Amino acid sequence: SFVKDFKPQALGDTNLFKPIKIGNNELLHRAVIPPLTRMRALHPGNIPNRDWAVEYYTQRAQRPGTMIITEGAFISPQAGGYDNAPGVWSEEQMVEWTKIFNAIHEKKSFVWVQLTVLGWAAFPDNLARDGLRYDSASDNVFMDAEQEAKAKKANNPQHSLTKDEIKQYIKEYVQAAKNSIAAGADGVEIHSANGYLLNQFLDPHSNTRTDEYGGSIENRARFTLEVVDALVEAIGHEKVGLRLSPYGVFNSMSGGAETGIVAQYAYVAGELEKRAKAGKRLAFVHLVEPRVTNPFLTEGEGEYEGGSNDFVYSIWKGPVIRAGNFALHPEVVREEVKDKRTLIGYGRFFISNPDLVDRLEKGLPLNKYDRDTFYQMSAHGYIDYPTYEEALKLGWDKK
């Protein structure tokens, strides 16, 4: 069915429908697919879904010149811990990714691989089964009681990374980025948001370290910036973006309750701009808005009203992708895209609307999403959401 009560607005007369270049890619509009974990990868080996993933991405590439950021992809076994999320370390994985990238390109769209390392969000028992550590910044603060207890039961207590182990992750980021490019991706996004490992280092709640990787703003940002620099060196700044969620609380990050949180993220933005002014500007910065501090809460819930991401624009002078509850709020998008370097990520409603871009241009009704199938091993709720035309034929204009 269509979302009831939603009053659509045609956005074709806004900058959302003006072309923009991101990295090497000439986008034809500024509606971006943000990274969306869907849990259709198959075990063993974290293999992108051999039956459905090509079709999923093909559908969502249908509007020419769309920027697609993939579901998060693990850079190595140790970086993972969800059996049904994909990786980008093995030949068997890359065979499937190559097909996905080719399909997106055939639709004249673009694809950026999000590179993910889970840290404390991983399942410690899966990791133990596979002979892997349960990692985070620290060893004395935990995501929640259940995770702490699972780790202990698995004889895999949370482990504070050594400097050598941080270096090993950086090597894996580099190789994962190389693999992604070699398989045909247009670029990569470094996931430093939503309470995963890099965010666990950024945040003073999760990072109680007293070495050079914690205990100050500069130290907490060190790992994220080392990954940025390693990937810029390996594949070029024009092929690298960075995702941040300053006000997020998902996965036990601090959000605005931490009075130093804006300074922490302002520091990262400033270091990005310093690199840019020295000739190595990242393709984009991708921000999760305080509009959505936890993406598993219904739109409108978990809104933090005490902060704005606007500060980033005073610092970083390149493209900025904003995501969080924009599909149901074209009136907000209309204002935000007046800034000529702003793009808008649409997550949950891209799950349910393969032709979302047409719907945004033309002010059409939106298909309701089905949260129960966000994570499910099924084509249902993955590749069977209709286009607007197909929905009309099903009679959704009445139902």
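Start at 1 with the first residue shown and count on from there.
Trainee: Mean Cα B factor from the PDB record: higher for 345-353, or higher for 370-378?
Mentor: Per the deposited B-factors, the answer is 370-378.
Trainee: If you average the Cα B factors in the entry, which is higher, 159-167 or 244-252?
Mentor: According to the entry, 159-167 carries the higher average C-alpha B-factor.
Trainee: Of the options 71, 106, 203, 289, which has the highest CA B factor as deposited?
Mentor: Out of 71, 106, 203, 289, the record gives the largest C-alpha B-factor to 106.
Trainee: Can you pull the Cα B-factors for 154, 122, 221, 231 from the entry and say which is highest?
Mentor: Of the options given, 154 has the highest CA B-factor in the PDB entry.
Trainee: Among the modelled residues of its chain, does the C-alpha B-factor of residue 364 lie in the lowest, middle or highest third?
Mentor: Tercile = highest for this residue's CA B-factor.
Trainee: With respect to C-alpha B-factor, does residue 338 fall in the lowest, middle or highest third of the chain as deposited?
Mentor: Highest third of the chain for residue 338's C-alpha B-factor.
Trainee: Please place residue 260 in the lowest, middle or highest third of its chain by C-alpha B factor as given in the entry.
Mentor: Middle third of the chain for residue 260's C-alpha B-factor.
Trainee: Within this chain, which third does the Cα B-factor at residue 310 fall in: lowest, middle or highest?
Mentor: Middle third of the chain for residue 310's C-alpha B-factor.
Trainee: Could you tell me which third, lowest, middle or highest, the C-alpha B-factor of residue 192 occupies within its chain?
Mentor: Residue 192: CA B-factor falls in the lowest third of its chain.
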